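The file my_file.cif comes next; it holds mmCIF, C-alpha atoms and all ligand atoms.
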```cif
data_model
#
loop_
_atom_site.label_atom_id
_atom_site.label_comp_id
_atom_site.auth_asym_id
_atom_site.auth_seq_id
_atom_site.Cartn_x
_atom_site.Cartn_y
_atom_site.Cartn_z
CA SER A 1 -22.79 -52.65 130.78
CA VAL A 2 -26.06 -52.30 132.67
CA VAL A 3 -27.32 -48.83 131.76
CA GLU A 4 -26.28 -49.19 128.11
CA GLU A 5 -28.23 -52.45 127.91
CA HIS A 6 -31.37 -51.50 129.84
CA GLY A 7 -31.38 -47.75 129.36
CA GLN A 8 -34.49 -45.83 130.28
CA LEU A 9 -36.44 -47.39 133.14
CA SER A 10 -40.18 -46.97 133.59
CA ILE A 11 -43.14 -48.53 135.41
CA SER A 12 -45.43 -50.77 133.37
CA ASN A 13 -48.44 -52.36 135.09
CA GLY A 14 -46.79 -51.98 138.51
CA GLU A 15 -43.49 -53.48 137.35
CA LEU A 16 -40.05 -51.98 136.80
CA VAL A 17 -39.12 -52.42 133.13
CA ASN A 18 -36.33 -51.34 130.77
CA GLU A 19 -36.64 -49.32 127.53
CA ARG A 20 -37.67 -52.44 125.58
CA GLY A 21 -40.45 -53.13 128.09
CA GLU A 22 -38.72 -56.13 129.69
CA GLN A 23 -38.76 -56.65 133.46
CA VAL A 24 -35.50 -55.73 135.16
CA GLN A 25 -34.30 -56.20 138.74
CA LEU A 26 -31.74 -53.94 140.39
CA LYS A 27 -29.58 -55.16 143.26
CA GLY A 28 -26.97 -53.04 145.03
CA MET A 29 -25.75 -51.24 148.10
CA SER A 30 -26.72 -48.13 149.97
CA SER A 31 -24.08 -45.91 151.56
CA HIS A 32 -24.48 -45.18 155.27
CA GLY A 33 -24.96 -41.46 156.09
CA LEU A 34 -22.76 -39.38 153.77
CA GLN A 35 -21.91 -36.98 156.62
CA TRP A 36 -20.33 -39.86 158.58
CA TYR A 37 -19.02 -42.46 156.13
CA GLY A 38 -18.63 -40.59 152.85
CA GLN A 39 -15.10 -41.95 152.35
CA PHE A 40 -16.61 -45.25 151.12
CA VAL A 41 -18.51 -43.48 148.31
CA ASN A 42 -16.16 -42.87 145.40
CA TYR A 43 -15.54 -44.05 141.84
CA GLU A 44 -13.07 -46.75 142.88
CA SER A 45 -15.22 -48.32 145.61
CA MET A 46 -18.26 -48.17 143.33
CA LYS A 47 -16.26 -49.76 140.49
CA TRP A 48 -15.15 -52.54 142.85
CA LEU A 49 -18.75 -53.15 143.89
CA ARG A 50 -19.81 -53.29 140.25
CA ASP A 51 -17.01 -55.61 139.16
CA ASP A 52 -16.55 -57.87 142.18
CA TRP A 53 -20.02 -57.90 143.75
CA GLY A 54 -22.02 -57.42 140.53
CA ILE A 55 -24.02 -54.39 141.75
CA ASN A 56 -26.17 -52.57 139.18
CA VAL A 57 -27.43 -49.76 141.46
CA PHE A 58 -25.85 -47.61 144.19
CA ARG A 59 -27.84 -45.56 146.72
CA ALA A 60 -26.41 -42.31 148.10
CA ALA A 61 -27.96 -41.82 151.54
CA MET A 62 -27.92 -38.07 152.10
CA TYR A 63 -29.24 -37.59 155.62
CA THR A 64 -31.07 -34.26 155.93
CA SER A 65 -30.82 -33.94 159.71
CA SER A 66 -28.31 -35.50 162.15
CA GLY A 67 -25.40 -33.44 160.78
CA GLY A 68 -26.56 -33.99 157.18
CA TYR A 69 -27.66 -31.60 154.43
CA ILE A 70 -29.67 -29.13 156.54
CA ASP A 71 -26.76 -28.73 158.99
CA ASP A 72 -24.08 -28.66 156.29
CA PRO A 73 -25.13 -28.59 152.64
CA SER A 74 -21.61 -29.62 151.54
CA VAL A 75 -22.87 -33.26 151.52
CA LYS A 76 -24.86 -32.47 148.33
CA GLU A 77 -21.50 -32.40 146.53
CA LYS A 78 -20.84 -35.99 147.67
CA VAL A 79 -24.21 -36.97 146.17
CA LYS A 80 -23.04 -35.36 142.90
CA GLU A 81 -19.80 -37.36 143.09
CA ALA A 82 -21.80 -40.59 143.52
CA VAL A 83 -24.14 -39.76 140.62
CA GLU A 84 -21.22 -38.91 138.30
CA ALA A 85 -19.40 -42.10 139.29
CA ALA A 86 -22.55 -44.13 138.53
CA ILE A 87 -22.78 -42.44 135.12
CA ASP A 88 -19.11 -43.21 134.44
CA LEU A 89 -19.57 -46.85 135.58
CA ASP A 90 -22.84 -47.27 133.66
CA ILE A 91 -24.90 -48.29 136.69
CA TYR A 92 -28.10 -46.88 138.20
CA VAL A 93 -27.99 -44.46 141.13
CA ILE A 94 -30.53 -43.50 143.77
CA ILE A 95 -30.44 -39.94 145.13
CA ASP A 96 -31.90 -40.36 148.63
CA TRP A 97 -33.22 -37.37 150.60
CA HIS A 98 -32.71 -39.31 153.81
CA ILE A 99 -35.21 -38.09 156.36
CA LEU A 100 -35.33 -39.98 159.66
CA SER A 101 -35.34 -37.96 162.92
CA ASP A 102 -37.05 -35.21 160.88
CA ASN A 103 -39.89 -37.72 160.67
CA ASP A 104 -42.38 -35.71 158.63
CA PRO A 105 -41.11 -35.00 155.10
CA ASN A 106 -42.92 -31.65 155.24
CA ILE A 107 -40.45 -30.33 157.85
CA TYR A 108 -37.81 -29.57 155.20
CA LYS A 109 -40.05 -29.55 152.13
CA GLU A 110 -38.82 -26.18 150.79
CA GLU A 111 -35.22 -27.37 151.05
CA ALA A 112 -36.20 -30.68 149.38
CA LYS A 113 -37.82 -28.84 146.46
CA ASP A 114 -34.71 -26.71 145.93
CA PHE A 115 -32.44 -29.76 146.21
CA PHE A 116 -34.47 -31.87 143.79
CA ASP A 117 -34.78 -28.94 141.37
CA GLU A 118 -30.97 -28.69 141.26
CA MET A 119 -30.38 -32.44 141.01
CA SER A 120 -32.98 -32.95 138.26
CA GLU A 121 -31.71 -29.93 136.30
CA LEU A 122 -28.16 -31.29 136.43
CA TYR A 123 -28.77 -34.98 135.84
CA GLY A 124 -32.30 -35.20 134.45
CA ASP A 125 -31.08 -36.14 130.97
CA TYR A 126 -29.33 -39.31 132.15
CA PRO A 127 -31.26 -42.61 132.48
CA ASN A 128 -29.17 -43.65 135.49
CA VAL A 129 -30.96 -41.43 137.99
CA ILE A 130 -33.64 -42.60 140.40
CA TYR A 131 -34.96 -40.03 142.93
CA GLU A 132 -35.93 -41.08 146.47
CA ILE A 133 -37.71 -38.06 147.93
CA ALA A 134 -38.26 -39.11 151.56
CA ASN A 135 -36.39 -42.10 152.95
CA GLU A 136 -38.47 -42.97 156.01
CA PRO A 137 -41.51 -40.98 157.05
CA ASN A 138 -42.34 -42.09 160.60
CA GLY A 139 -44.50 -41.42 163.63
CA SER A 140 -48.22 -41.98 164.22
CA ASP A 141 -49.02 -38.39 163.18
CA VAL A 142 -47.30 -38.78 159.78
CA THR A 143 -49.86 -40.44 157.52
CA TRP A 144 -49.88 -41.28 153.83
CA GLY A 145 -53.03 -39.31 153.06
CA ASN A 146 -52.37 -36.20 155.16
CA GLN A 147 -48.59 -35.78 155.12
CA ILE A 148 -46.69 -38.08 152.74
CA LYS A 149 -48.85 -37.97 149.61
CA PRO A 150 -49.27 -34.16 149.70
CA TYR A 151 -45.49 -33.82 150.22
CA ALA A 152 -44.93 -35.99 147.15
CA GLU A 153 -47.50 -33.90 145.24
CA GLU A 154 -45.36 -30.81 145.88
CA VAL A 155 -41.91 -32.35 145.21
CA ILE A 156 -42.72 -34.49 142.16
CA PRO A 157 -43.88 -31.48 140.08
CA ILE A 158 -40.47 -29.84 140.71
CA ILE A 159 -38.61 -32.89 139.41
CA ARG A 160 -41.04 -33.41 136.50
CA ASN A 161 -40.42 -29.86 135.26
CA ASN A 162 -36.83 -30.93 134.54
CA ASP A 163 -37.03 -34.72 134.14
CA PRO A 164 -40.31 -36.04 132.77
CA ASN A 165 -40.03 -39.71 133.58
CA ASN A 166 -37.01 -41.03 135.47
CA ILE A 167 -38.18 -43.21 138.40
CA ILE A 168 -39.20 -41.57 141.68
CA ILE A 169 -39.32 -43.65 144.88
CA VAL A 170 -41.68 -42.28 147.56
CA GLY A 171 -41.36 -43.29 151.21
CA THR A 172 -44.32 -44.79 153.06
CA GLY A 173 -45.60 -44.58 156.63
CA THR A 174 -44.12 -46.26 159.70
CA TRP A 175 -40.53 -46.06 158.48
CA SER A 176 -41.48 -47.07 154.93
CA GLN A 177 -43.31 -50.23 155.94
CA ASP A 178 -46.91 -49.12 155.32
CA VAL A 179 -47.19 -49.89 151.62
CA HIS A 180 -50.79 -51.11 152.12
CA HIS A 181 -52.10 -47.57 152.69
CA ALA A 182 -50.04 -46.10 149.86
CA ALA A 183 -51.25 -48.84 147.49
CA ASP A 184 -54.87 -47.98 148.27
CA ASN A 185 -54.32 -44.25 147.52
CA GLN A 186 -51.70 -44.10 144.79
CA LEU A 187 -50.06 -41.06 143.25
CA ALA A 188 -50.92 -40.06 139.67
CA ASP A 189 -47.36 -40.06 138.28
CA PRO A 190 -46.92 -43.15 136.10
CA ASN A 191 -43.26 -43.65 137.01
CA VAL A 192 -43.50 -43.72 140.79
CA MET A 193 -42.52 -46.55 143.12
CA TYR A 194 -43.30 -46.91 146.83
CA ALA A 195 -40.49 -47.72 149.26
CA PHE A 196 -40.64 -50.82 151.44
CA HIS A 197 -37.91 -51.36 154.07
CA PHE A 198 -37.26 -54.46 156.21
CA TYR A 199 -34.73 -55.85 158.69
CA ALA A 200 -34.13 -59.62 158.96
CA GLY A 201 -34.18 -59.48 162.78
CA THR A 202 -37.96 -58.98 162.57
CA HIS A 203 -40.05 -62.09 161.77
CA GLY A 204 -41.39 -61.11 158.37
CA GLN A 205 -44.22 -63.36 157.25
CA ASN A 206 -46.96 -60.73 157.57
CA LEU A 207 -44.76 -58.01 156.07
CA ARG A 208 -44.27 -60.22 152.99
CA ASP A 209 -48.06 -60.64 152.76
CA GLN A 210 -48.43 -56.85 153.02
CA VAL A 211 -45.99 -56.32 150.13
CA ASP A 212 -48.01 -58.85 148.11
CA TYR A 213 -51.18 -56.88 148.89
CA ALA A 214 -49.59 -53.65 147.60
CA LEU A 215 -48.30 -55.40 144.47
CA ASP A 216 -51.83 -56.72 143.87
CA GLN A 217 -53.13 -53.13 143.72
CA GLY A 218 -50.67 -52.40 140.91
CA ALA A 219 -48.32 -50.36 143.11
CA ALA A 220 -44.64 -50.71 142.16
CA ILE A 221 -42.39 -51.36 145.14
CA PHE A 222 -38.66 -50.68 145.53
CA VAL A 223 -36.91 -52.17 148.60
CA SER A 224 -34.60 -49.15 148.89
CA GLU A 225 -33.26 -50.13 152.30
CA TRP A 226 -33.04 -53.57 153.96
CA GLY A 227 -30.58 -55.10 156.40
CA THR A 228 -29.52 -58.49 157.71
CA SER A 229 -29.66 -57.13 161.27
CA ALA A 230 -32.35 -55.96 163.66
CA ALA A 231 -34.27 -52.71 162.88
CA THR A 232 -31.69 -50.57 164.70
CA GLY A 233 -29.01 -51.57 162.17
CA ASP A 234 -27.30 -53.70 164.84
CA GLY A 235 -28.24 -56.50 167.24
CA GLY A 236 -27.06 -59.58 165.34
CA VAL A 237 -27.04 -61.00 161.81
CA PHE A 238 -30.14 -63.05 160.91
CA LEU A 239 -29.28 -64.95 157.76
CA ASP A 240 -32.13 -67.47 157.74
CA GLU A 241 -34.79 -64.73 157.62
CA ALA A 242 -32.59 -62.66 155.29
CA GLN A 243 -32.50 -65.56 152.79
CA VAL A 244 -36.30 -65.95 152.99
CA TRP A 245 -36.59 -62.26 152.06
CA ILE A 246 -34.01 -62.60 149.26
CA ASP A 247 -36.00 -65.49 147.78
CA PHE A 248 -39.26 -63.54 148.17
CA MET A 249 -37.77 -60.52 146.36
CA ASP A 250 -36.58 -62.71 143.46
CA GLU A 251 -40.02 -64.37 143.18
CA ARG A 252 -41.67 -60.94 143.02
CA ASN A 253 -38.83 -59.41 140.95
CA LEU A 254 -38.29 -56.71 143.55
CA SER A 255 -35.32 -54.37 143.20
CA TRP A 256 -33.28 -53.64 146.31
CA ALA A 257 -30.44 -51.84 148.05
CA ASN A 258 -28.77 -53.27 151.15
CA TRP A 259 -27.90 -51.17 154.20
CA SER A 260 -25.08 -50.41 154.39
CA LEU A 261 -21.60 -49.84 152.97
CA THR A 262 -19.53 -48.87 156.00
CA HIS A 263 -17.00 -50.30 158.46
CA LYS A 264 -18.99 -49.08 161.48
CA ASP A 265 -19.11 -51.66 164.28
CA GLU A 266 -22.78 -52.60 163.84
CA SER A 267 -24.24 -55.83 162.46
CA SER A 268 -25.70 -54.36 159.27
CA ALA A 269 -22.37 -52.81 158.20
CA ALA A 270 -20.92 -54.64 155.20
CA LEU A 271 -17.25 -53.99 155.96
CA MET A 272 -14.81 -54.61 158.81
CA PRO A 273 -12.78 -51.73 160.30
CA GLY A 274 -9.61 -51.58 158.12
CA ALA A 275 -11.50 -52.14 154.86
CA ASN A 276 -10.00 -49.90 152.19
CA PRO A 277 -12.34 -46.99 151.38
CA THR A 278 -11.44 -47.39 147.67
CA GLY A 279 -12.35 -51.09 147.39
CA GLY A 280 -10.38 -54.26 146.61
CA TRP A 281 -11.61 -55.95 149.80
CA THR A 282 -10.30 -59.33 150.82
CA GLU A 283 -12.49 -61.94 152.53
CA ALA A 284 -11.33 -60.68 155.95
CA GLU A 285 -12.38 -57.09 155.19
CA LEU A 286 -16.02 -58.13 154.68
CA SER A 287 -18.27 -58.55 157.72
CA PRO A 288 -20.67 -61.50 158.06
CA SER A 289 -23.43 -59.29 156.60
CA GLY A 290 -21.26 -58.01 153.74
CA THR A 291 -20.09 -61.53 152.89
CA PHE A 292 -23.70 -62.68 152.60
CA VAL A 293 -24.87 -59.67 150.57
CA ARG A 294 -21.92 -60.02 148.16
CA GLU A 295 -22.81 -63.69 147.65
CA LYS A 296 -26.44 -62.81 146.96
CA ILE A 297 -25.52 -60.26 144.27
CA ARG A 298 -22.84 -62.46 142.66
CA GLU A 299 -25.29 -65.38 142.55
CA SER A 300 -27.79 -63.21 140.67
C1 LIG A 401 -33.11 -47.45 157.89
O1 LIG A 401 -32.70 -48.31 158.93
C2 LIG A 401 -31.33 -48.21 159.31
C3 LIG A 401 -31.12 -49.13 160.52
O2 LIG A 401 -31.89 -48.63 161.59
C4 LIG A 401 -30.98 -46.77 159.62
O3 LIG A 401 -29.56 -46.73 159.75
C5 LIG A 401 -29.12 -46.56 161.09
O4 LIG A 401 -29.40 -45.20 161.39
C6 LIG A 401 -28.99 -44.83 162.71
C7 LIG A 401 -29.50 -43.42 163.02
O5 LIG A 401 -28.96 -42.52 162.06
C8 LIG A 401 -27.46 -44.98 162.77
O6 LIG A 401 -27.00 -44.60 164.05
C9 LIG A 401 -26.28 -43.38 164.11
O7 LIG A 401 -24.98 -43.61 163.61
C10 LIG A 401 -24.17 -42.45 163.58
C11 LIG A 401 -22.89 -42.78 162.82
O8 LIG A 401 -22.14 -43.74 163.54
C12 LIG A 401 -23.93 -41.99 165.04
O9 LIG A 401 -23.24 -40.74 165.01
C13 LIG A 401 -25.31 -41.71 165.68
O10 LIG A 401 -25.18 -41.51 167.08
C14 LIG A 401 -26.17 -42.99 165.57
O11 LIG A 401 -27.49 -42.76 166.01
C15 LIG A 401 -27.09 -46.45 162.51
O12 LIG A 401 -25.68 -46.62 162.52
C16 LIG A 401 -27.62 -46.80 161.10
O13 LIG A 401 -27.44 -48.18 160.81
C17 LIG A 401 -31.28 -45.93 158.35
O14 LIG A 401 -31.02 -44.57 158.64
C18 LIG A 401 -32.77 -46.00 158.08
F1 LIG A 401 -33.09 -45.37 156.88
#
```
Produce C-alpha cells that represent the structure in this file.
Ligand SMILES: *[C@H]1O[C@H](CO)[C@@H](O[C@@H]2O[C@H](CO)[C@@H](O[C@@H]3O[C@H](CO)[C@@H](O)[C@H](O)[C@H]3O)[C@H](O)[C@H]2O)[C@H](O)[C@H]1F
Amino acid sequence: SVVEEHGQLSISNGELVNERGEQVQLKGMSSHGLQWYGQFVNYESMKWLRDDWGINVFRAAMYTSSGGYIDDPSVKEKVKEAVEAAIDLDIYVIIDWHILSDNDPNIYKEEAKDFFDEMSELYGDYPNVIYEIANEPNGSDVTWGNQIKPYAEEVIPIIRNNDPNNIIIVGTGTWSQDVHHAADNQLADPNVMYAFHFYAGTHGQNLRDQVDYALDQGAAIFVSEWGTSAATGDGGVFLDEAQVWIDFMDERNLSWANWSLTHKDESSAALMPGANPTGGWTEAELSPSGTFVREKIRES
C-alpha cells in the first residue's frame, strides 16, 4: 500500500520525495464542499477510489464560509472521518481550510490557528497528513507579501509545535495562480509547497510557463485543485486542454487533486446524479469529467 511504501514525505530541492529520498507523485480527488456533499466522503467511497481509480491521495475540502466551518463547526468532524479513513486505507490525505468568499486568509486566522492546532495534535504523528492552510486567497488587495505570507507565518508555527515536518501546502494569490510571486519570496519552512490551481476551460500555455518559472526558483508546487471545466466549475468539459495539463504535470512530476467528487449538475463534477455515495460506480454513474479523471489515474 502507498503510505507503507513511501512513508514520510518531505521536500528535497523543490521536489516532493518519500522517506528514501525518491521522487513521488500523488494523484487523487478532492471532495466538493463538505457542508454540501459530505455524503460522498466516507471509508467505502474512498476505498473504491483507491481500488478502482488508483488514487493515492484524498483532499477534504472544508469550506470556512458559505455554510462551512465558521457557520457550523460540525464539518470538522467530517474532516476527521476523512483523515481516519485515509489512515485506514493507507493513502495520503489533505486537510483543506477552504477559504474562497472569505478571500483574505487573515479574516479567520484565529479560527484557523485553533483548527490546525487541534488537527496537528490529533494526527501529527501519522505520515498520511498534508495540511492546506488557505485554499484560494483572492482579490487585488490580498498579496503574497502583505497578506498570505504573514498569514502562513502565523499558522505554520502552530502546526510545527505539534508536527515538525509533515507537508504544508500554502495558497497563492489570484485564486492560487500566482506562484511566480510566492516563488520569489519563499517561506522558511523546508517542507512547504505552494498551491497552483487551473481549469482546462482557460487556455493555459502561459500558466504552464509560470509554473515552470516557480519550479526554477526551487519552489515546490502542489496542484491541489484543478478541473476539466471552466473556472466556475461548470461551463463545459475541455478534454484537449486537460490532457495537455495532465502531460505537463507528469513531465514536471507534479502531484494533484481533481475537483471534484460530487454528483452536482456542473461540468467539473465527477459523478452523475444517482451515483452511490459509498462507491461501486458503474460507467453510467461517472460523468464525462469523472470518466476522464478515472482513466488518467488508472493509466498512471
Ligand atoms: C476552486 O475552483 C472551483 C471551481 O470554481 C470551486 O468550486 C466551485 O465553488 C463554487 C462556490 O462555492 C460552487 O458553487 C456553489 O455550490 C454550492 C453547492 O451546490 C451552492 O450552494 C452555491 O450557491 C454555489 O455558489 C461550485 O459548485 C464549485 O464547483 C472551488 O471552491 C475553488 F476552490
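Restricting the calculation to all atoms listed in the file, the smallest distance between ligand LIG 401 (chain A) and any of A:114, A:71, A:15, A:225 is found for A:225.
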Contacts with ligand LIG 401 (chain A) at most 7 Å, all atoms listed in the file counted, listed as a PyMOL selection string: chain A and resi 32+36+98+100+135-136+225+231-234+259+264+266+268
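Environment of (-40.2, -36.9, 149.1): residues at most 7 Å away, judged by all atoms listed in the file, are residues 105, 132, 133, 134, 151, 152, 155, 170 and 171 of chain A.
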Deliver the residues from the most recent selection as a file, using C-alpha atoms, as a CSV table (one decimal), in the frame of the given file.
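Wrote result26.csv, looks like this:
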```csv
chain,number,residue,atom,x,y,z
A,105,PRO,CA,-41.1,-35.0,155.1
A,132,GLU,CA,-35.9,-41.1,146.5
A,133,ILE,CA,-37.7,-38.1,147.9
A,134,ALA,CA,-38.3,-39.1,151.6
A,151,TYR,CA,-45.5,-33.8,150.2
A,152,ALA,CA,-44.9,-36.0,147.2
A,155,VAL,CA,-41.9,-32.4,145.2
A,170,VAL,CA,-41.7,-42.3,147.6
A,171,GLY,CA,-41.4,-43.3,151.2
```
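Here atom CA of residue A:102 is placed at a distance of 28.3 Å from atom CA of residue A:164.
Candidate residues A:154, A:90, A:4, A:110 were compared for distance to residue A:55, and the nearest is A:90, using all atoms listed in the file.
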Residue neighbourhood residue A:14, 9 Å, only C-alpha atoms, exclusion window fewer than 2 positions, as a PyMOL selection string: chain A and resi 11-12+16+193+215-221
Selection to disk with C-alpha atoms, as a PDB file, in the coordinates of the input:
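again00.pdb, freshly written:
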```
ATOM      1  CA  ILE A  11     -43.140 -48.530 135.410  1.00  0.00           C
ATOM      2  CA  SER A  12     -45.430 -50.770 133.370  1.00  0.00           C
ATOM      3  CA  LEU A  16     -40.050 -51.980 136.800  1.00  0.00           C
ATOM      4  CA  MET A 193     -42.520 -46.550 143.120  1.00  0.00           C
ATOM      5  CA  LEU A 215     -48.300 -55.400 144.470  1.00  0.00           C
ATOM      6  CA  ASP A 216     -51.830 -56.720 143.870  1.00  0.00           C
ATOM      7  CA  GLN A 217     -53.130 -53.130 143.720  1.00  0.00           C
ATOM      8  CA  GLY A 218     -50.670 -52.400 140.910  1.00  0.00           C
ATOM      9  CA  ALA A 219     -48.320 -50.360 143.110  1.00  0.00           C
ATOM     10  CA  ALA A 220     -44.640 -50.710 142.160  1.00  0.00           C
ATOM     11  CA  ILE A 221     -42.390 -51.360 145.140  1.00  0.00           C
TER      12      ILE A 221
END
```
Who sits within 10 Å of stretch 24-29 of chain A, all atoms listed in the file, same chain under 6 positions skipped, as a PyMOL selection string: chain A and resi 2+6+9+15-18+46+49-50+53-60+91-93+222-226+249-250+252-261+270+290+293-294+296-298+300
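Minimum atom-to-atom distance to residue A:197, evaluated using all atoms listed in the file, belongs to A:175 out of A:213, A:281, A:116, A:175.
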Between atom CA of residue A:299 and atom CA of residue A:267, distance in Å (one decimal): 22.1 Å
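Our summary of the geometry notes that atom CA of residue A:121 is positioned 5.5 Å from atom CA of residue A:162.
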Nearest to residue A:118 by atom-to-atom distance, counting all atoms listed in the file, from A:82, A:159, A:275, A:188: A:159
Exercise: residue A:205 partners within 12 Å, all atoms listed in the file, chain neighbours under 6 positions left out, as a PyMOL selection string: chain A and resi 198+211-212+241-242+244-245+248
Shortest interatomic distance to residue A:94 - which of A:123, A:108, A:194, A:131, counting all atoms listed in the file: A:131
